[PDB]
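Novice: Contents are mmCIF, N, CA and C atoms; file name upload_11.cif:
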data_upload
#
loop_
_atom_site.label_atom_id
_atom_site.label_comp_id
_atom_site.auth_asym_id
_atom_site.auth_seq_id
_atom_site.Cartn_x
_atom_site.Cartn_y
_atom_site.Cartn_z
N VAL Q 1 -36.07 64.22 -0.65
CA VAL Q 1 -36.69 64.35 0.66
C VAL Q 1 -36.30 65.67 1.29
N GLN Q 2 -37.29 66.35 1.84
CA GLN Q 2 -37.08 67.62 2.51
C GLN Q 2 -37.94 67.68 3.78
N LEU Q 3 -37.44 68.35 4.81
CA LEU Q 3 -38.22 68.66 6.00
C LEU Q 3 -38.52 70.15 5.95
N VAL Q 4 -39.78 70.53 6.08
CA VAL Q 4 -40.13 71.95 6.01
C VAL Q 4 -40.81 72.36 7.30
N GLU Q 5 -40.23 73.32 8.01
CA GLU Q 5 -40.80 73.73 9.28
C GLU Q 5 -41.67 74.94 9.11
N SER Q 6 -42.62 75.10 10.02
CA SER Q 6 -43.44 76.29 10.05
C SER Q 6 -43.83 76.59 11.49
N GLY Q 7 -44.38 77.78 11.71
CA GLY Q 7 -44.96 78.13 12.98
C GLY Q 7 -44.09 78.98 13.87
N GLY Q 8 -42.97 79.45 13.34
CA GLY Q 8 -42.14 80.35 14.11
C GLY Q 8 -42.84 81.70 14.16
N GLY Q 9 -42.27 82.60 14.94
CA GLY Q 9 -42.81 83.94 15.03
C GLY Q 9 -42.58 84.50 16.41
N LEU Q 10 -43.22 85.63 16.67
CA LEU Q 10 -43.11 86.34 17.92
C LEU Q 10 -44.16 85.78 18.86
N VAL Q 11 -43.79 85.56 20.11
CA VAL Q 11 -44.69 84.95 21.08
C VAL Q 11 -44.50 85.63 22.43
N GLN Q 12 -45.60 85.90 23.14
CA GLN Q 12 -45.51 86.52 24.46
C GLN Q 12 -44.99 85.54 25.50
N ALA Q 13 -44.19 86.02 26.44
CA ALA Q 13 -43.77 85.17 27.55
C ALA Q 13 -45.00 84.60 28.24
N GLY Q 14 -44.93 83.33 28.63
CA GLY Q 14 -46.07 82.70 29.27
C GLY Q 14 -47.01 82.10 28.24
N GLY Q 15 -46.79 82.47 26.98
CA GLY Q 15 -47.60 82.02 25.87
C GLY Q 15 -47.19 80.66 25.34
N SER Q 16 -47.90 80.20 24.32
CA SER Q 16 -47.62 78.89 23.75
C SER Q 16 -47.45 78.97 22.25
N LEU Q 17 -46.80 77.96 21.69
CA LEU Q 17 -46.63 77.94 20.25
C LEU Q 17 -46.66 76.51 19.75
N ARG Q 18 -46.94 76.36 18.46
CA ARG Q 18 -46.91 75.06 17.83
C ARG Q 18 -46.08 75.15 16.55
N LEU Q 19 -44.97 74.42 16.52
CA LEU Q 19 -44.16 74.33 15.31
C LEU Q 19 -44.51 73.08 14.53
N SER Q 20 -44.40 73.14 13.22
CA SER Q 20 -44.69 71.94 12.45
C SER Q 20 -43.49 71.56 11.62
N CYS Q 21 -43.30 70.26 11.43
CA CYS Q 21 -42.23 69.79 10.59
C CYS Q 21 -42.81 68.73 9.71
N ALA Q 22 -42.96 69.08 8.44
CA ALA Q 22 -43.58 68.23 7.45
C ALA Q 22 -42.48 67.59 6.62
N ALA Q 23 -42.53 66.27 6.51
CA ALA Q 23 -41.53 65.54 5.76
C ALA Q 23 -42.12 65.16 4.42
N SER Q 24 -41.31 65.23 3.37
CA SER Q 24 -41.81 64.94 2.03
C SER Q 24 -42.40 63.54 1.96
N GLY Q 25 -43.52 63.41 1.26
CA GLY Q 25 -44.09 62.10 1.01
C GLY Q 25 -44.49 61.36 2.27
N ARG Q 26 -43.79 60.26 2.52
CA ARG Q 26 -44.07 59.38 3.64
C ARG Q 26 -42.76 59.09 4.33
N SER Q 27 -41.80 59.98 4.09
CA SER Q 27 -40.49 59.93 4.72
C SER Q 27 -40.56 59.91 6.24
N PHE Q 28 -39.76 59.01 6.80
CA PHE Q 28 -39.48 58.92 8.22
C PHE Q 28 -40.70 58.54 9.05
N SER Q 29 -41.76 58.11 8.38
CA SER Q 29 -43.04 57.89 9.05
C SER Q 29 -42.99 56.86 10.17
N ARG Q 30 -42.00 55.98 10.14
CA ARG Q 30 -41.78 55.02 11.22
C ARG Q 30 -40.38 55.15 11.84
N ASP Q 31 -39.77 56.31 11.69
CA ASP Q 31 -38.42 56.48 12.18
C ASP Q 31 -38.40 57.46 13.32
N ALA Q 32 -37.36 58.26 13.39
CA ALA Q 32 -37.27 59.17 14.51
C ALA Q 32 -37.16 60.59 13.99
N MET Q 33 -37.83 61.49 14.68
CA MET Q 33 -37.74 62.89 14.34
C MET Q 33 -37.51 63.64 15.62
N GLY Q 34 -36.74 64.73 15.54
CA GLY Q 34 -36.44 65.50 16.73
C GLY Q 34 -36.46 67.00 16.48
N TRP Q 35 -36.49 67.76 17.57
CA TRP Q 35 -36.42 69.22 17.53
C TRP Q 35 -35.19 69.67 18.29
N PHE Q 36 -34.40 70.55 17.67
CA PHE Q 36 -33.23 71.16 18.31
C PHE Q 36 -33.39 72.66 18.27
N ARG Q 37 -32.65 73.38 19.09
CA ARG Q 37 -32.71 74.83 19.01
C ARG Q 37 -31.34 75.46 19.14
N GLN Q 38 -31.20 76.61 18.50
CA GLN Q 38 -29.92 77.29 18.48
C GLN Q 38 -30.20 78.68 18.96
N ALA Q 39 -29.78 78.95 20.20
CA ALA Q 39 -29.94 80.25 20.80
C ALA Q 39 -28.85 81.15 20.27
N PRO Q 40 -29.03 82.47 20.39
CA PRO Q 40 -28.02 83.43 19.96
C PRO Q 40 -26.60 83.07 20.42
N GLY Q 41 -25.67 82.94 19.47
CA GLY Q 41 -24.28 82.69 19.82
C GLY Q 41 -23.97 81.27 20.28
N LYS Q 42 -24.97 80.39 20.26
CA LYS Q 42 -24.78 79.02 20.74
C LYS Q 42 -24.97 77.91 19.70
N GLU Q 43 -24.26 76.81 19.89
CA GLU Q 43 -24.50 75.60 19.10
C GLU Q 43 -25.83 74.98 19.50
N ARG Q 44 -26.41 74.26 18.54
CA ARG Q 44 -27.69 73.58 18.63
C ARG Q 44 -27.77 72.63 19.80
N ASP Q 45 -28.89 72.67 20.53
CA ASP Q 45 -29.12 71.72 21.64
C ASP Q 45 -30.47 71.03 21.41
N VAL Q 46 -30.64 69.79 21.89
CA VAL Q 46 -31.88 69.09 21.64
C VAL Q 46 -32.99 69.64 22.54
N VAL Q 47 -34.22 69.60 22.03
CA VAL Q 47 -35.43 70.02 22.73
C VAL Q 47 -36.25 68.77 23.04
N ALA Q 48 -36.62 68.05 21.99
CA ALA Q 48 -37.37 66.81 22.17
C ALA Q 48 -37.31 65.98 20.91
N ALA Q 49 -37.63 64.70 21.04
CA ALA Q 49 -37.55 63.78 19.94
C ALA Q 49 -38.62 62.72 20.11
N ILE Q 50 -38.99 62.07 19.02
CA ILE Q 50 -39.99 61.02 19.08
C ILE Q 50 -39.59 59.83 18.22
N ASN Q 51 -39.82 58.63 18.74
CA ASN Q 51 -39.73 57.43 17.93
C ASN Q 51 -41.08 57.18 17.32
N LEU Q 52 -41.18 57.39 16.02
CA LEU Q 52 -42.46 57.28 15.35
C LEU Q 52 -42.90 55.81 15.30
N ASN Q 53 -41.98 54.89 15.58
CA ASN Q 53 -42.36 53.49 15.78
C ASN Q 53 -42.74 53.24 17.24
N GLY Q 54 -44.01 53.46 17.59
CA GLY Q 54 -44.42 53.36 18.98
C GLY Q 54 -44.87 54.70 19.54
N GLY Q 55 -44.10 55.75 19.27
CA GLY Q 55 -44.47 57.07 19.73
C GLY Q 55 -43.83 57.53 21.03
N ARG Q 56 -42.88 56.77 21.58
CA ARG Q 56 -42.20 57.26 22.79
C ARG Q 56 -41.43 58.56 22.51
N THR Q 57 -41.53 59.52 23.41
CA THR Q 57 -40.81 60.79 23.25
C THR Q 57 -39.73 60.95 24.30
N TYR Q 58 -38.80 61.87 24.02
CA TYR Q 58 -37.69 62.17 24.90
C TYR Q 58 -37.55 63.67 24.88
N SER Q 59 -37.16 64.26 26.00
CA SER Q 59 -37.05 65.71 26.06
C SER Q 59 -35.94 66.22 26.98
N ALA Q 60 -35.44 67.40 26.65
CA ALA Q 60 -34.47 68.10 27.47
C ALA Q 60 -35.11 68.48 28.79
N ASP Q 61 -34.34 68.43 29.88
CA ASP Q 61 -34.85 68.81 31.20
C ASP Q 61 -35.58 70.15 31.15
N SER Q 62 -35.06 71.08 30.35
CA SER Q 62 -35.60 72.45 30.31
C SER Q 62 -37.02 72.54 29.77
N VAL Q 63 -37.50 71.50 29.11
CA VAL Q 63 -38.84 71.57 28.52
C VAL Q 63 -39.78 70.50 29.04
N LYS Q 64 -39.25 69.56 29.82
CA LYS Q 64 -40.10 68.53 30.43
C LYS Q 64 -41.36 69.12 31.05
N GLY Q 65 -42.51 68.54 30.73
CA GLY Q 65 -43.77 68.96 31.32
C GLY Q 65 -44.27 70.25 30.68
N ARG Q 66 -43.53 70.73 29.67
CA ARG Q 66 -43.81 71.99 28.97
C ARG Q 66 -43.97 71.81 27.47
N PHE Q 67 -43.01 71.13 26.84
CA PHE Q 67 -43.00 70.93 25.38
C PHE Q 67 -43.34 69.51 25.00
N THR Q 68 -44.39 69.35 24.19
CA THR Q 68 -44.80 68.02 23.72
C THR Q 68 -44.90 67.87 22.18
N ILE Q 69 -44.69 66.66 21.69
CA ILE Q 69 -44.78 66.38 20.25
C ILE Q 69 -46.06 65.64 19.83
N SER Q 70 -46.70 66.06 18.74
CA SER Q 70 -47.84 65.28 18.25
C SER Q 70 -47.61 64.95 16.78
N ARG Q 71 -48.44 64.06 16.25
CA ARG Q 71 -48.21 63.50 14.93
C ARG Q 71 -49.47 63.49 14.10
N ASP Q 72 -49.37 63.93 12.85
CA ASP Q 72 -50.48 63.81 11.92
C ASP Q 72 -50.07 62.89 10.79
N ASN Q 73 -50.54 61.65 10.86
CA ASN Q 73 -50.11 60.64 9.91
C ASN Q 73 -50.48 60.97 8.47
N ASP Q 74 -51.71 61.44 8.25
CA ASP Q 74 -52.13 61.78 6.88
C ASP Q 74 -51.21 62.81 6.23
N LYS Q 75 -50.71 63.76 7.02
CA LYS Q 75 -49.92 64.86 6.46
C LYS Q 75 -48.43 64.63 6.64
N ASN Q 76 -48.08 63.47 7.18
CA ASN Q 76 -46.70 63.10 7.48
C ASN Q 76 -45.97 64.25 8.12
N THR Q 77 -46.59 64.77 9.18
CA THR Q 77 -46.11 65.98 9.83
C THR Q 77 -46.04 65.76 11.32
N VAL Q 78 -45.01 66.28 11.98
CA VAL Q 78 -44.99 66.24 13.44
C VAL Q 78 -44.97 67.66 13.96
N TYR Q 79 -45.50 67.83 15.16
CA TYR Q 79 -45.64 69.15 15.74
C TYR Q 79 -44.96 69.22 17.10
N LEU Q 80 -44.34 70.36 17.37
CA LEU Q 80 -43.82 70.65 18.70
C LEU Q 80 -44.72 71.68 19.35
N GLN Q 81 -45.50 71.25 20.35
CA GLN Q 81 -46.27 72.17 21.17
C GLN Q 81 -45.48 72.58 22.40
N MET Q 82 -45.35 73.89 22.57
CA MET Q 82 -44.54 74.48 23.62
C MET Q 82 -45.39 75.49 24.39
N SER Q 83 -45.49 75.32 25.70
CA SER Q 83 -46.25 76.26 26.51
C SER Q 83 -45.38 76.89 27.60
N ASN Q 84 -45.95 77.84 28.33
CA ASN Q 84 -45.23 78.60 29.35
C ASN Q 84 -43.89 79.08 28.83
N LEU Q 85 -43.92 79.73 27.67
CA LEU Q 85 -42.70 80.16 26.99
C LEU Q 85 -41.95 81.22 27.77
N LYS Q 86 -40.63 81.05 27.85
CA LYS Q 86 -39.79 81.99 28.58
C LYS Q 86 -38.96 82.72 27.55
N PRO Q 87 -38.48 83.93 27.90
CA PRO Q 87 -37.60 84.68 26.99
C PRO Q 87 -36.42 83.82 26.57
N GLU Q 88 -35.93 82.98 27.48
CA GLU Q 88 -34.80 82.08 27.20
C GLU Q 88 -35.11 80.98 26.18
N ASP Q 89 -36.38 80.84 25.81
CA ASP Q 89 -36.77 79.88 24.78
C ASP Q 89 -36.54 80.45 23.36
N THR Q 90 -36.07 81.70 23.30
CA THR Q 90 -35.81 82.35 22.02
C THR Q 90 -34.68 81.62 21.31
N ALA Q 91 -34.90 81.23 20.06
CA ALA Q 91 -33.88 80.53 19.29
C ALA Q 91 -34.40 80.17 17.92
N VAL Q 92 -33.49 79.71 17.07
CA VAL Q 92 -33.91 79.12 15.82
C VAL Q 92 -34.18 77.65 16.12
N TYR Q 93 -35.40 77.20 15.84
CA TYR Q 93 -35.78 75.80 16.07
C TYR Q 93 -35.71 75.03 14.77
N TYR Q 94 -35.03 73.90 14.82
CA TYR Q 94 -34.82 73.05 13.66
C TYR Q 94 -35.49 71.72 13.90
N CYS Q 95 -36.13 71.15 12.90
CA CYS Q 95 -36.50 69.76 13.07
C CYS Q 95 -35.52 68.88 12.29
N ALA Q 96 -35.37 67.66 12.76
CA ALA Q 96 -34.36 66.75 12.26
C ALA Q 96 -34.99 65.39 12.15
N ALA Q 97 -34.41 64.54 11.32
CA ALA Q 97 -34.89 63.18 11.18
C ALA Q 97 -33.73 62.25 10.97
N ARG Q 98 -33.96 60.97 11.25
CA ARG Q 98 -32.97 59.95 11.00
C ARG Q 98 -33.74 58.68 10.75
N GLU Q 99 -33.11 57.78 10.02
CA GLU Q 99 -33.66 56.48 9.76
C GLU Q 99 -33.29 55.62 10.96
N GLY Q 100 -34.27 54.90 11.50
CA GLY Q 100 -34.00 54.11 12.67
C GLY Q 100 -34.40 54.90 13.91
N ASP Q 101 -34.52 54.19 15.02
CA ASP Q 101 -35.01 54.79 16.25
C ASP Q 101 -33.99 55.65 16.99
N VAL Q 102 -34.48 56.38 17.99
CA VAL Q 102 -33.59 57.01 18.96
C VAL Q 102 -33.94 56.48 20.37
N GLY Q 103 -33.12 56.82 21.35
CA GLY Q 103 -33.32 56.29 22.69
C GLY Q 103 -32.94 57.34 23.69
N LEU Q 104 -32.99 57.03 24.98
CA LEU Q 104 -32.85 58.10 25.96
C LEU Q 104 -31.44 58.69 25.97
N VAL Q 105 -30.48 57.95 25.40
CA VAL Q 105 -29.13 58.46 25.16
C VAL Q 105 -28.95 59.09 23.77
N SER Q 106 -29.33 58.37 22.72
CA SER Q 106 -28.96 58.79 21.37
C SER Q 106 -29.75 60.00 20.81
N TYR Q 107 -30.96 60.25 21.33
CA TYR Q 107 -31.83 61.29 20.76
C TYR Q 107 -31.22 62.70 20.84
N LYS Q 108 -30.28 62.91 21.76
CA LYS Q 108 -29.81 64.26 22.08
C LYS Q 108 -28.62 64.74 21.24
N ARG Q 109 -27.97 63.81 20.52
CA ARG Q 109 -26.81 64.16 19.69
C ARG Q 109 -27.21 64.57 18.28
N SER Q 110 -27.00 65.84 17.95
CA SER Q 110 -27.39 66.36 16.65
C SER Q 110 -26.78 65.58 15.48
N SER Q 111 -25.53 65.15 15.64
CA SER Q 111 -24.84 64.40 14.60
C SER Q 111 -25.51 63.07 14.27
N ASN Q 112 -26.42 62.63 15.14
CA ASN Q 112 -27.17 61.40 14.89
C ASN Q 112 -28.29 61.58 13.87
N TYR Q 113 -28.56 62.82 13.46
CA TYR Q 113 -29.64 63.07 12.49
C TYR Q 113 -29.03 63.66 11.23
N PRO Q 114 -29.15 62.95 10.10
CA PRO Q 114 -28.60 63.46 8.83
C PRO Q 114 -29.56 64.35 8.02
N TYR Q 115 -30.82 64.48 8.43
CA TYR Q 115 -31.80 65.29 7.72
C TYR Q 115 -32.26 66.45 8.59
N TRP Q 116 -32.36 67.63 7.99
CA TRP Q 116 -32.65 68.86 8.72
C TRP Q 116 -33.58 69.79 7.96
N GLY Q 117 -34.49 70.44 8.68
CA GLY Q 117 -35.35 71.45 8.09
C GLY Q 117 -34.56 72.75 8.00
N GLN Q 118 -35.18 73.83 7.54
CA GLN Q 118 -34.45 75.08 7.29
C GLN Q 118 -34.22 75.89 8.57
N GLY Q 119 -34.93 75.51 9.62
CA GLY Q 119 -34.89 76.26 10.84
C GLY Q 119 -35.98 77.31 10.80
N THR Q 120 -36.64 77.53 11.93
CA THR Q 120 -37.59 78.62 12.05
C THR Q 120 -37.28 79.37 13.32
N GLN Q 121 -37.29 80.70 13.21
CA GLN Q 121 -37.02 81.58 14.34
C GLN Q 121 -38.22 81.71 15.28
N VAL Q 122 -37.97 81.54 16.58
CA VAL Q 122 -38.97 81.75 17.62
C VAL Q 122 -38.46 82.88 18.52
N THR Q 123 -39.24 83.94 18.61
CA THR Q 123 -38.84 85.06 19.43
C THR Q 123 -39.85 85.28 20.53
N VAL Q 124 -39.42 85.10 21.77
CA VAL Q 124 -40.33 85.27 22.89
C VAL Q 124 -40.19 86.66 23.48
N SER Q 125 -41.20 87.49 23.26
CA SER Q 125 -41.21 88.84 23.82
C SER Q 125 -42.59 89.17 24.36
N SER Q 126 -42.65 90.12 25.29
CA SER Q 126 -43.91 90.49 25.92
C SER Q 126 -44.86 91.13 24.92
#
As a first step, turn the structure in this file into structure tokens.

Specialist:
Amino acid sequence: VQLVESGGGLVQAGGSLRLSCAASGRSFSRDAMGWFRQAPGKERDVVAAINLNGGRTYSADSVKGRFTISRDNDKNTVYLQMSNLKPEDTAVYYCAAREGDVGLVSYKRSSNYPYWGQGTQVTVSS
């Protein structure tokens, strides 16, 4: 099983981006997947997460009303849509997965996810 991310790149401030995290086969299709980011010089922080059983999402205060997750069942892929991008959104974005659900407390702890994509760099510049 592997998680493969795509969609990183250079993005203008105020702009939007869509990251994808494709899981091998049918992995995690009813479990939980999340997005974390690692800014320069910093440890990873959570961005958003989804319980694929039901579809409830959870998000960091910094992205509420800005960053949303969508799901493509046929491709076993989840997407992070991010709009109104700020320079401070610059970071390596990782997708993560775990067997079993997450909740409004547990989704934010990176150690709760044993599966990780390679990370994709997002650079927000004018």

Novice: Enumerate, as a list in words, the complete set of residues in chain Q that a backbone-based DSSP assignment places in helix (DSSP H, G or I).

Specialist: residues 87, 88, 89, 106, 107, 108, 110, 111 and 112 of chain Q

Novice: Using only C-alpha atoms, which residue out of Q:34, Q:40, Q:119, Q:54 lies closest to residue 97 in chain Q?

Specialist: Q:34

Novice: Tell me which residues the PyMOL selection byres ((chain Q and resi 123) around 6) grabs here, as an MDAnalysis selection string.

Specialist: chainID Q and resid 9:11 90:91 121:122 124:125

Novice: Which residues are near residue 86 in chain Q? Cut-off 7 Å, all atoms listed in the file, ignore same chain within fewer than 2 positions. Put them as a PyMOL selection string.

Specialist: chain Q and resi 12-15+83-84+88-90+124-125

Novice: Smallest atom-to-atom distance to residue 60 in chain Q: which of Q:112, Q:105, Q:22, Q:99, using only C-alpha atoms?

Specialist: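 Among Q:112, Q:105, Q:22, Q:99, it is Q:105 that comes nearest to residue 60 in chain Q.
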
Novice: Measuring between only C-alpha atoms, which one of Q:35, Q:115, Q:67, Q:79 shows the shortest distance to residue 16 in chain Q?

Specialist: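 Ranking Q:35, Q:115, Q:67, Q:79 by distance to residue 16 in chain Q, first place goes to Q:67.
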
Novice: How far is it from atom C of residue 31 in chain Q to CA of residue 6 in chain Q, in Å with one decimal?

Specialist: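 That distance, rounded to one decimal, is 19.8 Å.
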
Novice: So, with all atoms listed in the file as the atoms that count, which of Q:87, Q:48, Q:33, Q:19 lies closest to residue 100 in chain Q?

Specialist: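 Of Q:87, Q:48, Q:33, Q:19, the one nearest residue 100 in chain Q is Q:33, counting all atoms listed in the file.
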
Novice: Smallest atom-to-atom distance to residue 23 in chain Q: which of Q:4, Q:52, Q:39, Q:82, using only C-alpha atoms?

Specialist: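 Comparing Q:4, Q:52, Q:39, Q:82 against residue 23 in chain Q, the winner is Q:4.
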
Novice: The residues within 5 Å of (-37.0, 70.4, 7.8), using all atoms listed in the file and the coordinates of the file, should be reported as a PDB file with N, CA and C atoms, in the frame of the given file; which are they?

Specialist:
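part.pdb was written with the following content:
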ATOM      1  N   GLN Q   2     -37.290  66.350   1.840  1.00  0.00           N
ATOM      2  CA  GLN Q   2     -37.080  67.620   2.510  1.00  0.00           C
ATOM      3  C   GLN Q   2     -37.940  67.680   3.780  1.00  0.00           C
ATOM      4  N   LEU Q   3     -37.440  68.350   4.810  1.00  0.00           N
ATOM      5  CA  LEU Q   3     -38.220  68.660   6.000  1.00  0.00           C
ATOM      6  C   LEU Q   3     -38.520  70.150   5.950  1.00  0.00           C
ATOM      7  N   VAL Q   4     -39.780  70.530   6.080  1.00  0.00           N
ATOM      8  CA  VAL Q   4     -40.130  71.950   6.010  1.00  0.00           C
ATOM      9  C   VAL Q   4     -40.810  72.360   7.300  1.00  0.00           C
ATOM     10  N   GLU Q   5     -40.230  73.320   8.010  1.00  0.00           N
ATOM     11  CA  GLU Q   5     -40.800  73.730   9.280  1.00  0.00           C
ATOM     12  C   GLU Q   5     -41.670  74.940   9.110  1.00  0.00           C
ATOM     13  N   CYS Q  95     -36.130  71.150  12.900  1.00  0.00           N
ATOM     14  CA  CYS Q  95     -36.500  69.760  13.070  1.00  0.00           C
ATOM     15  C   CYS Q  95     -35.520  68.880  12.290  1.00  0.00           C
ATOM     16  N   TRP Q 116     -32.360  67.630   7.990  1.00  0.00           N
ATOM     17  CA  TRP Q 116     -32.650  68.860   8.720  1.00  0.00           C
ATOM     18  C   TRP Q 116     -33.580  69.790   7.960  1.00  0.00           C
ATOM     19  N   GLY Q 117     -34.490  70.440   8.680  1.00  0.00           N
ATOM     20  CA  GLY Q 117     -35.350  71.450   8.090  1.00  0.00           C
ATOM     21  C   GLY Q 117     -34.560  72.750   8.000  1.00  0.00           C
ATOM     22  N   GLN Q 118     -35.180  73.830   7.540  1.00  0.00           N
ATOM     23  CA  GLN Q 118     -34.450  75.080   7.290  1.00  0.00           C
ATOM     24  C   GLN Q 118     -34.220  75.890   8.570  1.00  0.00           C
TER      25      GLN Q 118
END

Novice: For the file shown, report as a list in words the outcome of the PyMOL selection byres (((chain Q and resi 50 and name CA) around 9) and name CA) at residue level.

Specialist: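 Listing what the PyMOL selection byres (((chain Q and resi 50 and name CA) around 9) and name CA) selects in the shown file: residues 31, 32, 33, 34, 48, 49, 51, 52, 53, 54, 55, 56, 57, 58, 59, 69, 70, 101, 102, 103 and 107 of chain Q.
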
Novice: What separation in Å, quoted to one decimal, exists between atom C of residue 108 in chain Q and atom C of residue 96 in chain Q?

Specialist: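 Spanning atom C of residue 108 in chain Q to atom C of residue 96 in chain Q is a straight-line distance of 11.1 Å.
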
Novice: Counting only C-alpha atoms, which of Q:78, Q:92, Q:85, Q:21 gets nearest to residue 42 in chain Q?

Specialist: Q:92

Novice: Could you give me the axis-aligned bounding box of range 64-71 of chain Q, with 8 Å of padding per side, as centre plus edge lengths in Å to one decimal, as AutoDock Vina command-line options?

Specialist:
--center_x -44.4 --center_y 67.7 --center_z 22.7 --size_x 26.2 --size_y 24.5 --size_z 33.2
